[PDB]
Every structure is written in C-alpha cells, then in structure tokens.
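Reading through the structure tokens given below for one structure.
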2 protein chains.
Amino acid sequence: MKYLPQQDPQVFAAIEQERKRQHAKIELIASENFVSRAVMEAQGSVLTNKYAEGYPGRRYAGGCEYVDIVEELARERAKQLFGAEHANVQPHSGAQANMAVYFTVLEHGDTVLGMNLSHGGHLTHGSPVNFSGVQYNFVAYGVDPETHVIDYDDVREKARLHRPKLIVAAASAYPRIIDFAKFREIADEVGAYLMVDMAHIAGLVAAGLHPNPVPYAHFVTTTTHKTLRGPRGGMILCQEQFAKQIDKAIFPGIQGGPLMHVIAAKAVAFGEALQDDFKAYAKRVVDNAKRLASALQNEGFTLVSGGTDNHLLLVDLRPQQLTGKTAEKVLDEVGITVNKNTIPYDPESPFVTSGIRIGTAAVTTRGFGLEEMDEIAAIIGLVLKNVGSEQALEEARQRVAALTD
Amino acid sequence: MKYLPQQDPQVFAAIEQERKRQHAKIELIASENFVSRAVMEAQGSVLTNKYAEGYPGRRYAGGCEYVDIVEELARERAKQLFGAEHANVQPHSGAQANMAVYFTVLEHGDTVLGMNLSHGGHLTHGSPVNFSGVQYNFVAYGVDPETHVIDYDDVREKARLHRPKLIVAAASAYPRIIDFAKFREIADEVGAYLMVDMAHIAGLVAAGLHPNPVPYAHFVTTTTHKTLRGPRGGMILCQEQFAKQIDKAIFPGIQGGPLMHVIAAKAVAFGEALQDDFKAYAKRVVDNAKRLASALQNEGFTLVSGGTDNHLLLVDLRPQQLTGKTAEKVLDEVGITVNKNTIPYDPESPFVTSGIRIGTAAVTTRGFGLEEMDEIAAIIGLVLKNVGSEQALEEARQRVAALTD
Ligand SMILES: *Cc1c(COP(=O)(O)O)cnc(C)c1O
Ligand SMILES: *Cc1c(COP(=O)(O)O)cnc(C)c1O
C-alpha cells in the first residue's frame with residue numbers, strides 16, 4: 001500500500017492490525033481462507049469504476065468491451081472447473097445466489113424442503129428470521145440422532161408429505177459426503193426441482209475430492225470464497241434450459257450493476273483452481289481434516305458423525321460438560337479461532353450451543369501439514385480439559401505462537 | 001500491480017485495456033465516477049479474508065476487533081456527513097439497500113408509491129421485471145408533461161387514492177431538485193412511511209448543494225459509488241427508532257457476511273467526502289452541469305426540464321429526429337460515452353428511447369472545468385447534427401483525444 005497510509009491513517013492502522021491478526025492467530029473457522037496476492041490486486045483494480053448492467057455482449061451501456069472479456073473468462077473457467085452448462089458470476093454473495101434461484105423457481109409462499117438448521121443447514125435454507133423462511137414455506141429434513149448422517153428416508157418422507165416445489169441440499173456444518181444422486185431420486189419422485197448449495201465444499205468439488213452435484217441438480221449455488229479460495233462473492237451454476245431465467249433473476253431481478261472488480265478476482269480464483277497445485281492443496285485440506293479428526297479423538301473428544309469426509313468437523317463437547325460458547329471464548333484467549341455451533345439434537349440454544357465447528361482450509365493455505373494437525377489437536381485438548389488453569393492457557397498461548405512463526 | 005501480470009496474463013491484459021479505456025474516453029454516464037487510489041487499495045486488502053457476520057461488538061464470530069473499528073469508522077463518518085441518527089454500511093449494493101428497507105416496513109403485496117420509470121424512477125422502484133414490482137404492489141406518480149418537474153399534486157392524489165404503506169422519492173434520471181419536505185407532508189397525510197433513494201445525488205447532499213432528505217425521510221438509501229465517489233456498494237441511513245429493524249433486515253434478513261474490504265473503502269470514501277476539497281469538487285460538478293446544459297442549448301438541443309439543478313441532464317432528441325439508441329451508438333464511435341434514456345412521455349420504447357442521459361461527475365474528477373464543458377457540448381453538436389458525415393466524426397474523434405491528453 002502507498003496512498004492509504006497518507007490519506008486515511010485510522011483506516012490503514014486498522015487494516016495493518018487485521019493483517020497481523022490473520023498471521024498471529026490459528027484460523028480454524030470452516031468458512032475462512034486466505035486469497036492469493038493476485039486475487040486481491042484484481043479487487044483493488046479500476047474495474048470498480050465501470051457500470052456493467054446486463055451481461056457480456058448484452059449490456060445496457062457502452063464501453064464494456066474489456067469487462068465482458070473478464071466476465072466471460074470468469075464464466076468459461078467456472079464451466080471448465082465444474083462441468084456446468086451455464087454459469088452466472090454476478091451474485092454479490094452466496095445469499096444472493098440462493099435468493100436468485102428461489103426467485104426463478106418459486107412464487108411467494110411456496111413449500112421448499114431444506115436441511116434442519118440445528119443439524120447443519122444454512123441461514124438461507126429456511127430461517128424464520130431470514131428472507132427464505134419468510135418468503136417461502138420451509139420444511140426440514142434431519143440427520144440420524146446417533147450417526148449424524150443425513151437420513152435419506154426422512155428426506156423422502158418429508159418430500160412425499162409436504163410436496164415441495166424445490167428441494168435444497170447442502171450445509172454450513174456437515175462433515176460427511178452428501179449423496180446428490182439420492183436427492184435427485186427423491187426430487188424426481190415428488191416432481192420437484194433440486195438445488196445444491198456447495199458453498200462450503202466448492203473447492204473439494206473442483207479438485208474432485210467430493211462428488212460433483214452438477215449432473216444431479218437443476219441449480220447449483222456457491223460462494224466464490226471459502227474452500228474455493230476466491231474473493232468474497234457468489235456464483236450460480238445451472239443447465240442450459242435455465243440459463244436465461246437465472247440471468248434474469250440476477251438482473252433485472254434482485255440486483256443492479258455487478259461488481260466487475262470482484263468478478264475479475266473470481267476469474268483469477270478460478271484460474272488458480274484449474275491448476276494442478278490447487279488440486280494438491282485441496283487434497284491436503286481433507287488429509288489435514290482427517291488427521292485433526294483422528295487426533296482430537298485421541299485426546300478424548302467426541303466428533304459429530306464420528307469423524308469427517310470433507311474439510312470441516314464438529315466437536316461434541318457434552319462429554320467434557322462444556323458449551324460451544326465457553327469453548328469459543330477460552331480458545332480465543334490462546335489464539336485459536338473457532339465458532340460455536342449447534343450439534344444435531346442440541347439441548348442448548350443456537351446462541352450457547354454444545355459444539356464447535358473446525359475447518360482446515362485456511363491453515364492448509366499457510367502450509368500446515370499432518371504434523372501440525374496433531375499439535376493443534378494437542379493444544380485444543382490442553383485448553384478444554386484445563387479451563388481453570390492459566391498455566392495451561394499460557395503454555396497453549398506459546399504453542400500457538402510456535403506454529404505461526 | 002505485481003502478482004497478477006505473472007499469475008493471470010489474460011485477466012491482467014483485460015484490466016490494462018479497461019484502465020486505458022477509462023483514460024482515453026470521455027465518461028458522461030451520470031452513474032460513473034473515478035475513485036481515489038486510496039479507496040482501491042482498501043478493496044485490495046486482506047479484509048476479504050474475514051467473516052464478520054453481525055455488527056460491530058455484536059458479531060457471531062471472534063477476531064473482529066479491527067474490522068469493527070473499520071465498520072465503526074464507516075458508520076460514524078456517514079452520520080457526520082449526512083447528519084443521520086443511524087447508519088448501515090453493509091448493503092452490497094443500492095439495490096440491496098432498497099430491498100432491506102422494503103423488507104423492514106412492507107409485507108408481501110403491500111402498496112408502494114414511487115416515481116414513474118419512464119419519468120426518472122429506478123428499476124428498484126417498482127419494475128414488473130424487478131423484485132420490487134413483483135414482491136409489492138407499485139403505483140406511480142409522474143412529472144408535468146411540459147415542465148418535466150415532479151407534479152406534487154399528482155403525488156398527493158396517487159397517495160390519497162391508492163393508500164400506500166410506503167412512498168419512495170428520488171430518481172436515476174431527474175435533473176431537478178426533489179422537494180423532500182412536500183413528500184413528507186404528503187406521507188403524513190396518508191399515514192405512510194417516506195423513503196428517499198439519494199443514490200445519484202448523494203455527493204451533492206454531502207457538499208450541501210442539494211437539500212438533505214434525512215430530516216424528512218424515515219429511511220434514506222444510497223449507493224456509495226456515483227457522485228459520492230466511493231466504492232461500488234450500498235448504504236442505509238435512518239432515525240434511531242428504526243436502527244435495530246434495519247440492521248436485522250440486512251442480517252440475518254437479506255444478506256450474509258458483509259464485504260469488509262468494501263466497507264473499508266466506504267470509510268475511506270466518507271473520509272475523503274468530509275474534507276474541504278470534495279465540497280469544492282462537488283460544486284464544480286454542478287457548475288459543469290449548468291455550463292454543459294447552457295452550452296448544449298446554445299447548440300440547439302432541447303433539455304428535459306429546460307436545464308439542470310444537479311449533476312445530470314437529459315437531452316430531448318426529438319427536434320433532431322434522433323433516437324437515444326442512434327445517439328448512443330454514434331457518440332461511442334467518437335469516444336463519448338452516454339446511455340440512451342427515456343424522456344418523460346416518450347413515444348419510443350425503453351429499449352430505443354428519444355433521449356440521452358449525461359452527467360458531469362466523472363469528467364470533473366479528471367479536472368474538467370467550464371472551458372471543456374463548452375467543447376464537449378460543441379463535439380456533441382458536431383456529431384448529432386452531422387450523423388452521415390465521417391469527416392465530422394473523425395474531426396470529433398480528434399477533439400475527444402485533445403481533451404483527454
Ligand atoms: C457461506 C454460505 C452461504 C453464503 O454466504 P455469504 O456471506 O452470503 O457469501 C450460503 N449458503 C451456505 C451453505 C454457505 O455456507
Ligand atoms: C444506482 C442506483 C441504485 C443501485 O445501483 P446498484 O447497481 O444496485 O448499486 C438504486 N437506486 C437508484 C435510484 C440508483 O440510482
């Protein structure tokens with residue numbers, strides 16, 4: 001940076017604080033990652049100065065010749081990476097990606113089937129305080145009370161009874177592989193559309209380490225950030241027959257002018273995802289997640305579903321008589337960043353919780369391998385089993401600093 | 001840039017093309033502007049790596065200490081600049097800013113009164129192909145057929161007959177000052193809320209060159225870009241009593257995690273707007289718009305409302321038997337960027353139009369004064385009155401290059 005330190009010292013000081021914070025702490029929030037320096041440079045570009053209302057070739061304003069190339073590059077790389085027939089890279093967020101699809105297929109008050117929020121489902125999948133649960137009639141399917149894997153018979157039963165117009169699959173906190181083939185099999189039985197929100201698993205789908213939902217779902221939504229390691233934003237993937245309708249749901253549907261500088265960064269992020277080292281990176285993420293899972297059990301922690309198939313894991317803290325809130329607070333004191341998260345059939349409210357959510361996507365970007373996975377797990381054990389001891393927390397504090405150089 | 005040229009040559013080449021395009025052309029689209037190098041650096045920051053779901057102090061995740069400072073700086077500067085009691089700087093766009101307010105005050109199918117789209121109103125003010133016109137029952141008020149100024153008696157008549165729950169004031173293409181006091185007087189009579197969408201005039205409100213809608217409106221929405229010369233995004237301003245409800249309409253209402261790097265740039269943009277030279281800049285914008293308006297009439301062009309009170313003007317092209325589409329196309333050939341725009345009571349469809357929309361915000365940033373306003377107007381006259389002559393267009397092409405160095 002050059003012009004910000006001089007122009008706005010207060011803002012630059014806070015950014016430099018945040019930059020050092022990202023280095024000093026161990027980032028274990030499953031939705032967090034670190035983007036490349038090339039991705040950031042694209043967001044700091046002059047492409048913010050251009051209104052590009054519409055789509056490449058079909059713009060409502062002139063002078064879009066080169067931002068069209070950018071959006072095309074973003075759309076073509078997305079289709080190459082995921083094997084989709086159509087792509088829309090204009091969604092401002094994953095929430096706006098979901099909103100647009102809902103706007104396409106559903107009318108106000110329509111019944112939609114989604115994953116239980118206490119079981120793994122996202123806010124945009126039918127929360128009574130979110131637009132989705134207010135705009136539409138949302139019903140829930142759950143996971144098995146003891147195996148914590150999606151009960152696909154329950155998904156079929158809920159679909160056949162509630163007769164939804166849409167079925168949403170995918171989660172914010174689900175450690176296992178989602179069977180999209182069985183979701184389509186259920187959707188075809190009740191004559192409903194299928195939408196997959198791969199936001200958390202998108203990078204793992206790109207590297208072929210998680211089954212691709214594209215050939216099963218009518219609509220596929222995702223965030224460009226998280227495991228895809230791209231800028232903060234959204235994307236919609238669909239078959240050719242929904243292409244025009246999905247585009248119209250973004251503009252002039254729910255949005256105005258797109259963020260061309262962010263779309264530029266999406267194109268950079270997709271280009272980086274197509275390369276071989278990203279597929280090697282994403283394998284290490286899952287390898288690190290499996291290693292962390294095994295090591296936490298070795299420390300005496302119960303895990304939701306008894307492990308992980310993807311990038312994230314949930315710790316059932318009830319054995320140690322701890323709440324997610326307590327765990328989040330105490331780990332923040334040593335430099336480990338987690339978020340409290342409801343476990344399936346949680347006795348505690350969503351604001352207190354009985355579990356914590358941990359992902360390996362961010363730390364794996366920093367170069368964390370199998371060795372440090374065991375150390376992170378050792379520190380978490382030291383902290384949570386010795387909450388009252390400041391001796392342990394100071395020891396843990398030093399062991400966090402040893403890992404982060 | 002350093003890492004993008006090496007990482008993604010295709011994307012960097014298109015960005016460099018766009019950077020040179022922004023320099024080479026004369027940007028006269030009223031919604032366009034050029035942000036400072038400090039604003040861009042804030043968007044190219046690591047603040048994209050942080051999830052900040054919630055609000056400063058009341059976050060759903062830890063490690064937000066410094067992004068809270070950023071959001072607070074953005075919120076406090078906004079309140080200083082506009083005299084508002086509360087600010088929300090999380091809206092991804094002006095469209096999402098409007099959407100959130102509608103989500104707060106209205107239930108599905110509620111009657112809303114807004115400005116006619118053919119008269120100046122925005123897409124988000126009740127288009128039957130936009131969410132606003134589908135989600136809500138939108139009725140329209142118009143301008144005077146010969147004066148092109150808002151018919152405030154028509155606004156009262158439409159309000160008393162249709163009994164709206166909300167009244168929206170402000171426009172995308174309205175060259176005159178909007179009387180917010182009379183809009184509130186009408187809203188109080190019918191017991192309706194008042195919302196002002198100052199997106200186009202926000203910078204002029206900041207410099208005190210346009211009446212502030214804050215003490216008249218219950219809700220004030222705006223884009224952070226355009227005349228405010230900030231990053232691409234949205235903002236909501238309201239009184240203290242709506243603060244909690246407006247915040248809940250953004251999250252967990254219509255959005256997820258905010259764009260902290262864009263909020264950082266908003267804070268930079270507001271900081272730049274509080275300084276004296278911005279108030280001097282914004283006066284030159286209006287001065288340039290008045291000078292361009294007078295000069296275009298001197299060339300024989302009819303203007304909507306017979307001039308301008310703000311940053312933008314509309315040319316009624318019917319005298320020269322030209323459509324907006326034809327004018328937009330031919331000016332693109334010489335290097336002048338405009339957009340076709342429906343004039344009030346336009347015989348031509350919104351896709352062909354009878355007028356063009358011109359703003360001075362962008363060129364004034366580049367250093368354009370009164371002298372070059374007369375030259376721009378001279379070139380526009382040369383082009384549009386000699387459409388068939390390539391001799392004139394080549395002459396015009398050279399005169400565009402003389403202005404842009
Ligand atoms: C992260 C996520 C989203 C969207 O997040 P934004 O903050 O809106 O980008 C949507 N659905 C799921 C399942 C997610 O994980
Ligand atoms: C520009 C504008 C908006 C929003 O534009 P976005 O592209 O959504 O940022 C909303 N209302 C009015 C009147 C505008 O001019």
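Residues are referred to by chain and number: the chain letter is A, B, ... according to the order shown in the structure tokens, the number counts from 1 in that chain, and ligands are numbered separately from 1 in the order shown.
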
Give me every alpha helix (DSSP H) residue in region 109-315 of chain B, going by DSSP on the backbone, as JSON, numbers by chain. {"B": [131, 132, 133, 134, 135, 152, 153, 154, 155, 156, 157, 158, 159, 160, 161, 162, 180, 181, 182, 183, 184, 185, 186, 187, 188, 189, 190, 202, 203, 204, 205, 206, 243, 244, 245, 246, 247, 248, 260, 261, 262, 263, 264, 265, 266, 267, 268, 269, 270, 271, 272, 273, 274, 276, 277, 278, 279, 280, 281, 282, 283, 284, 285, 286, 287, 288, 289, 290, 291, 292, 293, 294, 295, 296, 297, 298]}

File dump, residues just selected, C-alpha atoms, as a compact mmCIF listing (two decimals), in the first residue's frame:
# COMPACT_ATOMS: atom_id res chain seq x y z
CA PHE B 131 -38.32 -7.90 -7.33
CA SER B 132 -39.89 -4.62 -6.11
CA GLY B 133 -42.76 -4.64 -8.62
CA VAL B 134 -43.31 -8.38 -8.14
CA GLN B 135 -42.99 -8.50 -4.34
CA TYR B 152 -46.51 17.17 -6.32
CA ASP B 153 -50.31 17.35 -6.61
CA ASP B 154 -50.21 14.05 -8.53
CA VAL B 155 -48.08 12.54 -5.74
CA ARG B 156 -50.76 13.63 -3.25
CA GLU B 157 -53.62 12.35 -5.42
CA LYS B 158 -51.97 8.95 -6.00
CA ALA B 159 -51.19 8.68 -2.27
CA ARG B 160 -54.75 9.54 -1.17
CA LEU B 161 -56.33 7.15 -3.69
CA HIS B 162 -54.00 4.12 -3.53
CA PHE B 180 -38.47 16.16 0.33
CA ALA B 181 -40.48 18.44 2.63
CA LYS B 182 -43.53 18.15 0.36
CA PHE B 183 -43.01 14.37 0.08
CA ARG B 184 -43.14 14.12 3.89
CA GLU B 185 -46.17 16.43 4.02
CA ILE B 186 -47.96 14.04 1.63
CA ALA B 187 -46.78 10.91 3.50
CA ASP B 188 -48.03 12.27 6.85
CA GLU B 189 -51.46 12.94 5.32
CA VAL B 190 -51.95 9.31 4.21
CA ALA B 202 -25.56 11.59 -2.53
CA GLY B 203 -22.32 13.53 -3.17
CA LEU B 204 -24.30 16.74 -3.72
CA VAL B 205 -26.13 16.18 -0.42
CA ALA B 206 -22.74 15.66 1.27
CA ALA B 243 -31.94 1.20 13.74
CA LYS B 244 -32.46 -2.33 15.12
CA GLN B 245 -35.05 -3.29 12.48
CA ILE B 246 -32.96 -2.01 9.54
CA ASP B 247 -29.92 -3.90 10.85
CA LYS B 248 -31.95 -7.12 11.16
CA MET B 260 -15.30 -5.77 4.93
CA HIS B 261 -12.77 -4.69 2.28
CA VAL B 262 -15.53 -2.70 0.53
CA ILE B 263 -16.69 -1.28 3.88
CA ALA B 264 -13.05 -0.27 4.42
CA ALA B 265 -13.21 1.61 1.10
CA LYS B 266 -16.54 3.17 2.11
CA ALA B 267 -14.82 4.55 5.23
CA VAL B 268 -12.02 5.93 3.02
CA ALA B 269 -14.63 7.40 0.65
CA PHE B 270 -16.53 9.07 3.51
CA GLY B 271 -13.28 10.43 4.97
CA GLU B 272 -12.49 11.96 1.58
CA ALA B 273 -16.04 13.37 1.41
CA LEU B 274 -15.68 15.13 4.78
CA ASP B 276 -12.98 20.65 2.07
CA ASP B 277 -11.77 19.87 -1.46
CA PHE B 278 -14.60 17.36 -2.04
CA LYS B 279 -17.13 20.13 -1.30
CA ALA B 280 -15.20 22.24 -3.83
CA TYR B 281 -15.18 19.29 -6.26
CA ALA B 282 -18.93 18.72 -5.94
CA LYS B 283 -19.67 22.40 -6.58
CA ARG B 284 -17.64 22.20 -9.79
CA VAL B 285 -19.76 19.18 -10.81
CA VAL B 286 -22.98 21.22 -10.57
CA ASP B 287 -21.20 24.22 -12.13
CA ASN B 288 -20.03 21.99 -15.00
CA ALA B 289 -23.54 20.54 -15.39
CA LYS B 290 -25.07 24.03 -15.57
CA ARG B 291 -22.39 25.07 -18.08
CA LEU B 292 -22.88 21.96 -20.24
CA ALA B 293 -26.66 22.43 -20.14
CA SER B 294 -26.47 26.07 -21.27
CA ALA B 295 -23.93 25.21 -23.99
CA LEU B 296 -25.99 22.31 -25.41
CA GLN B 297 -28.98 24.67 -25.72
CA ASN B 298 -26.61 27.13 -27.43

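For ligand 2, the set of protein, DNA and RNA residues within 7 Å, based on only C-alpha atoms and all ligand atoms, reads residues 255, 256, 257 and 258 of chain A; 31, 93, 94, 95, 96, 98, 121, 122, 124, 170, 171, 172, 197, 198, 199, 200, 222, 223, 232, 233 and 234 of chain B.
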
Across B:76, B:65, B:394, B:348, the smallest distance to chain A, with only C-alpha atoms counted, is shown by B:65

Write out as a PyMOL selection string which residues come within 8 Å of residue 38 (chain B) when counting only C-alpha atoms, dropping same-chain ones fewer than 4 positions away. (chain A and resi 2-4+7-8) or (chain B and resi 42+265+268)

Among region 19-176 of chain B, which residues does DSSP mark as strand (DSSP E) when it is run on the backbone? Keep the chain and numbering as in the structure and answer as a ChimeraX atom specification. /B:26-27,54-55,58-59,86-88,111-115,137-141,166-169

By how many Å are CA of residue 345 (chain B) and CA of residue 312 (chain B) apart?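 Here the two named atoms are 18.9 Å from each other.
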
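The gap separating CA of residue 252 (chain A) from CA of residue 53 (chain A) is 8.5 Å, in Å to one decimal.
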
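Closest approach to ligand 1 from the set A:23, A:196, A:69, A:63 is made by A:196, with distances taken over only C-alpha atoms and all ligand atoms.
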
Work out how far CA of residue 226 (chain A) is from CA of residue 75 (chain A), in Å to one decimal. 18.7 Å

Write out as JSON, numbers by chain the residues lying within 9 Å of region 331-334 of chain B, counting only C-alpha atoms and excluding same-chain residues fewer than 2 positions away. {"A": [62, 63], "B": [25, 326, 327, 328, 329, 336, 337, 338, 380, 383, 384, 393, 394, 395, 396, 397, 398, 399, 400]}

Write out, as a PDB file, in the first residue's frame, the residues just selected, with N, CA, C and O atoms.
ATOM      1  N   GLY A  62     -22.479   1.224 -23.038  1.00  0.00           N
ATOM      2  CA  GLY A  62     -21.280   1.000 -23.844  1.00  0.00           C
ATOM      3  C   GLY A  62     -19.996   1.014 -23.032  1.00  0.00           C
ATOM      4  O   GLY A  62     -20.015   1.269 -21.827  1.00  0.00           O
ATOM      5  N   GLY A  63     -18.880   0.737 -23.703  1.00  0.00           N
ATOM      6  CA  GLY A  63     -17.564   0.719 -23.068  1.00  0.00           C
ATOM      7  C   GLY A  63     -17.311  -0.505 -22.206  1.00  0.00           C
ATOM      8  O   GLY A  63     -16.464  -0.475 -21.310  1.00  0.00           O
TER       9      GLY A  63
ATOM     10  N   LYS B  25     -11.395   7.681 -23.160  1.00  0.00           N
ATOM     11  CA  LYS B  25     -12.763   8.100 -23.467  1.00  0.00           C
ATOM     12  C   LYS B  25     -13.234   9.245 -22.570  1.00  0.00           C
ATOM     13  O   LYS B  25     -12.659   9.493 -21.508  1.00  0.00           O
ATOM     14  N   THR B 326     -29.672   5.674 -31.440  1.00  0.00           N
ATOM     15  CA  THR B 326     -28.853   6.208 -32.530  1.00  0.00           C
ATOM     16  C   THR B 326     -27.755   7.132 -31.994  1.00  0.00           C
ATOM     17  O   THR B 326     -26.602   7.047 -32.423  1.00  0.00           O
ATOM     18  N   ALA B 327     -28.126   7.999 -31.053  1.00  0.00           N
ATOM     19  CA  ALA B 327     -27.193   8.947 -30.441  1.00  0.00           C
ATOM     20  C   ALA B 327     -26.095   8.246 -29.640  1.00  0.00           C
ATOM     21  O   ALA B 327     -24.921   8.614 -29.739  1.00  0.00           O
ATOM     22  N   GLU B 328     -26.486   7.241 -28.857  1.00  0.00           N
ATOM     23  CA  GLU B 328     -25.550   6.453 -28.055  1.00  0.00           C
ATOM     24  C   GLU B 328     -24.524   5.742 -28.938  1.00  0.00           C
ATOM     25  O   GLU B 328     -23.329   5.740 -28.634  1.00  0.00           O
ATOM     26  N   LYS B 329     -25.007   5.151 -30.028  1.00  0.00           N
ATOM     27  CA  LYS B 329     -24.168   4.427 -30.980  1.00  0.00           C
ATOM     28  C   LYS B 329     -23.120   5.336 -31.636  1.00  0.00           C
ATOM     29  O   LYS B 329     -21.932   5.009 -31.652  1.00  0.00           O
ATOM     30  N   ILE B 336     -17.167   9.382 -26.885  1.00  0.00           N
ATOM     31  CA  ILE B 336     -18.024   9.954 -25.852  1.00  0.00           C
ATOM     32  C   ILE B 336     -19.031   8.904 -25.392  1.00  0.00           C
ATOM     33  O   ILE B 336     -19.819   8.391 -26.189  1.00  0.00           O
ATOM     34  N   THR B 337     -18.989   8.589 -24.101  1.00  0.00           N
ATOM     35  CA  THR B 337     -19.814   7.526 -23.546  1.00  0.00           C
ATOM     36  C   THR B 337     -21.061   8.078 -22.859  1.00  0.00           C
ATOM     37  O   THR B 337     -20.979   8.738 -21.821  1.00  0.00           O
ATOM     38  N   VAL B 338     -22.213   7.811 -23.466  1.00  0.00           N
ATOM     39  CA  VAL B 338     -23.509   8.158 -22.883  1.00  0.00           C
ATOM     40  C   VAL B 338     -24.383   6.908 -22.805  1.00  0.00           C
ATOM     41  O   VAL B 338     -24.004   5.843 -23.295  1.00  0.00           O
ATOM     42  N   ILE B 380     -20.596  17.223 -29.288  1.00  0.00           N
ATOM     43  CA  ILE B 380     -21.910  16.572 -29.308  1.00  0.00           C
ATOM     44  C   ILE B 380     -22.805  17.169 -30.400  1.00  0.00           C
ATOM     45  O   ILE B 380     -23.540  16.442 -31.072  1.00  0.00           O
ATOM     46  N   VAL B 383     -21.383  15.999 -33.883  1.00  0.00           N
ATOM     47  CA  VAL B 383     -21.720  14.598 -34.131  1.00  0.00           C
ATOM     48  C   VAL B 383     -23.195  14.417 -34.510  1.00  0.00           C
ATOM     49  O   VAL B 383     -23.505  13.873 -35.571  1.00  0.00           O
ATOM     50  N   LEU B 384     -24.091  14.895 -33.648  1.00  0.00           N
ATOM     51  CA  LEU B 384     -25.520  14.600 -33.764  1.00  0.00           C
ATOM     52  C   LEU B 384     -26.240  15.360 -34.873  1.00  0.00           C
ATOM     53  O   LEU B 384     -27.331  14.965 -35.294  1.00  0.00           O
ATOM     54  N   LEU B 393     -17.144  13.057 -37.841  1.00  0.00           N
ATOM     55  CA  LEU B 393     -16.872  12.086 -36.778  1.00  0.00           C
ATOM     56  C   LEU B 393     -15.378  11.883 -36.529  1.00  0.00           C
ATOM     57  O   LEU B 393     -14.965  11.642 -35.395  1.00  0.00           O
ATOM     58  N   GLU B 394     -14.576  11.980 -37.589  1.00  0.00           N
ATOM     59  CA  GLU B 394     -13.117  11.932 -37.466  1.00  0.00           C
ATOM     60  C   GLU B 394     -12.588  13.208 -36.809  1.00  0.00           C
ATOM     61  O   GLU B 394     -11.659  13.157 -35.999  1.00  0.00           O
ATOM     62  N   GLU B 395     -13.193  14.342 -37.161  1.00  0.00           N
ATOM     63  CA  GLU B 395     -12.889  15.625 -36.533  1.00  0.00           C
ATOM     64  C   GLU B 395     -13.249  15.589 -35.048  1.00  0.00           C
ATOM     65  O   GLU B 395     -12.472  16.037 -34.204  1.00  0.00           O
ATOM     66  N   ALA B 396     -14.428  15.047 -34.746  1.00  0.00           N
ATOM     67  CA  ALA B 396     -14.890  14.859 -33.372  1.00  0.00           C
ATOM     68  C   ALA B 396     -13.983  13.903 -32.598  1.00  0.00           C
ATOM     69  O   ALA B 396     -13.689  14.130 -31.421  1.00  0.00           O
ATOM     70  N   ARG B 397     -13.541  12.841 -33.273  1.00  0.00           N
ATOM     71  CA  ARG B 397     -12.649  11.840 -32.689  1.00  0.00           C
ATOM     72  C   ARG B 397     -11.340  12.470 -32.206  1.00  0.00           C
ATOM     73  O   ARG B 397     -10.827  12.111 -31.144  1.00  0.00           O
ATOM     74  N   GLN B 398     -10.820  13.414 -32.988  1.00  0.00           N
ATOM     75  CA  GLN B 398      -9.579  14.120 -32.662  1.00  0.00           C
ATOM     76  C   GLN B 398      -9.767  15.131 -31.530  1.00  0.00           C
ATOM     77  O   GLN B 398      -8.849  15.369 -30.740  1.00  0.00           O
ATOM     78  N   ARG B 399     -10.960  15.717 -31.458  1.00  0.00           N
ATOM     79  CA  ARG B 399     -11.281  16.712 -30.437  1.00  0.00           C
ATOM     80  C   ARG B 399     -11.559  16.073 -29.073  1.00  0.00           C
ATOM     81  O   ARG B 399     -11.427  16.726 -28.036  1.00  0.00           O
ATOM     82  N   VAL B 400     -11.938  14.796 -29.086  1.00  0.00           N
ATOM     83  CA  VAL B 400     -12.059  13.995 -27.867  1.00  0.00           C
ATOM     84  C   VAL B 400     -10.666  13.662 -27.322  1.00  0.00           C
ATOM     85  O   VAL B 400     -10.431  13.729 -26.113  1.00  0.00           O
TER      86      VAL B 400
END
